[PDB]
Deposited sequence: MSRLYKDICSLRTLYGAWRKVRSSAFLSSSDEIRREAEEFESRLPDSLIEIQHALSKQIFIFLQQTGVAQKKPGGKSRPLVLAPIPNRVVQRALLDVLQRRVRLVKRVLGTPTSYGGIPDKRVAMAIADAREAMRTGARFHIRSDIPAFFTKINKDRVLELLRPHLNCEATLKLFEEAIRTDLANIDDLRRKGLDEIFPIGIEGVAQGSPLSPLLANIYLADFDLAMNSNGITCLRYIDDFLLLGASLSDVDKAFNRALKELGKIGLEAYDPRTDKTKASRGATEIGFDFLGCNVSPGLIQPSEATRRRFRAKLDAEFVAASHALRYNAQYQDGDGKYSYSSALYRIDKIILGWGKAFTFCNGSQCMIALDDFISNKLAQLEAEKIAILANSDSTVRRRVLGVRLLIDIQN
């Protein structure tokens, strides 16, 4: 079919590889950034192998993140469907569905609270990607595709990757992306579309009767004028989720899995603490960031003593390299939260960074005092020409 030939064309496949590349570089993990580089090292034959297998309708190549051949096929399947299929173009353009962004949902949440949304319930659909009915998804997609090859490809994308997105795998994504939920949408490009197809009825039913429901994949936020309205909304949501064999964490019985109460006091949403007036990274996100920085400064502190005594020190953690990589870690994290207006927590984080940097600077000075020139070279991270020749 024209639909399947569009997925097999190297134009859309190569076009999908760039999106997979960006989603990887937006992550802190070096292994994910280097995995894209090796696939890139075979760029001509590596994507033609995918194209050839799709033409033969052989999907065995799909077997914390999905493999790049799997990740590219998912991205290539999405772009074609959203510009060729009316339903896919429709569910991805849902006003209350975000993912195909976090800043938009939080901006909409903030706007609602500024305009009467004084109470909220924020919950999650537990075990969403494992409890969703694979056969209902294919059922809802079959007439809109009219291509059993594309349907089987979508079916194999779910079986190999999407249905395996469990809570253990999601926790691995949180330590990789600054806003953890953005990892699912980018390690599995079909997950936003998969959730939008399965919860399209849920979205339509929940945005009514003065209740706003903002949803990002399987995380949703109910906003209302009174506590009674959001309480009625949550029970209405449990029934809608129950129609398709799903549930949601009750904030009244699972205090740590869901939130409930006034919006004026603030609540966590998509990795940020959202008040009607203040938007900042959540306490859990900042704790994760301070722990990431501590590990780099600890590694830099050990390398000061190692490079002063030994000549096989890894330059990656030398003084120049460590300060260089910590700078990039700060750049990547701050850029992910440029939509936030909380200046106090950023300055508090800056004081934490400057404090540990002062500890490292003072430690370097004490070690390099009365040291010889070659020791200063290994500690600061500037190679000796004689070592390269030896």
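Gaps in the model relative to the deposited sequence occur at 1, 65-80, 118-121, listed in sequence order.
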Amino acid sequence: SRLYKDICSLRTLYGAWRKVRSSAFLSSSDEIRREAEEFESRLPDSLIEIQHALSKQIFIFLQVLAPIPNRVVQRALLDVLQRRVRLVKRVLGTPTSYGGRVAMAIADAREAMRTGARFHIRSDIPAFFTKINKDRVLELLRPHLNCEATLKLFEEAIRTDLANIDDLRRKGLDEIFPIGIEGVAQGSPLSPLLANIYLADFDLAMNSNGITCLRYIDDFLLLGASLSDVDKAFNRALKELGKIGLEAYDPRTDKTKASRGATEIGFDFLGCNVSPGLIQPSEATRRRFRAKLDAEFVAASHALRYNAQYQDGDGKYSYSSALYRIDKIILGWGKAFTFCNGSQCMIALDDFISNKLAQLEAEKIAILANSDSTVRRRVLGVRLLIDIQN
From here on, numbers count along this sequence of modelled residues.
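Two stretches are in play, 102-110 and 168-176, and the higher mean C-alpha B-factor belongs to 168-176.
Stretches 229-237 and 91-99 differ in mean CA B factor, with 91-99 having the higher one. Looking only at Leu349, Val64, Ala336, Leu357, the residue with the top Cα B factor in the deposited structure is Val64. Set against one another, the Cα B-factors of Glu296, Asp312, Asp268, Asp250 in the record reach their highest point at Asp312. Per the PDB record, residue ranking by Cα B-factor puts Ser123 in the lowest third of the chain.
The deposited CA B-factor of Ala24 belongs to the highest third of values across its chain.
Per the deposited record, the Cα B-factor of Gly224 falls in the lowest third when ranked against the other modelled residues of its chain. For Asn70, the recorded CA temperature factor ranks within the middle third of the chain's modelled residues. Looking at the C-alpha B-factors along this chain, the one for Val379 belongs to the middle third.
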